[PDB]
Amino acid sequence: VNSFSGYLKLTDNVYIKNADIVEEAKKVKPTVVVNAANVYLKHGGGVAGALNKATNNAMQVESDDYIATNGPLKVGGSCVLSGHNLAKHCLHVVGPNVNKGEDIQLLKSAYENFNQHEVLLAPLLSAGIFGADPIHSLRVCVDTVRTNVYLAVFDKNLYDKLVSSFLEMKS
């Protein structure tokens, strides 16, 4: 388990790889894969849709059952459900939807949930459908997370941009 390979070490606890999070999860077998979730755990597109699709929709059914007895998550909040065939556990974390004016400071709260887990395979929270700048999401991850986070960025051009601007800013 947690056999991560081919990552660029950004800090003592943050790693980044140009990879699709589903394919990484199948290779690595992480204890925790992170979902970029929304408060009702409707796994439509992006990471959530890809993770759910790779579980043959088991993640959505599990999530419906969770919501039915617990109600929606809060923005910046999280829950631990099954990792299905992809991981031991999936940490569903709700970043703020910046497009709808949700407070971008909640991205800090979202990444704080990573600190409850020794090691995680994760995407850049809020950087896709939710409209936060990916460079900002990476910065918040680096400053907030103290546990071992392995970031999967599937798009090569975004990966190159993220690494370049991480170096520039780091000084």
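One-based numbering along the sequence shown.
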property	result
Between 98 to 106 and 138 to 146 (mean CA B-factor, as deposited), the higher	98 to 106
Given 65 to 73 and 50 to 58, the range whose Cα B-factors average higher in the PDB entry	65 to 73
Within-chain third of residue 17 by Cα B-factor, per the entry	lowest
Residue 131 by Cα B-factor - lowest, middle or highest third of the modelled chain	middle
Third of chain Cα B-factors occupied by residue 39	middle
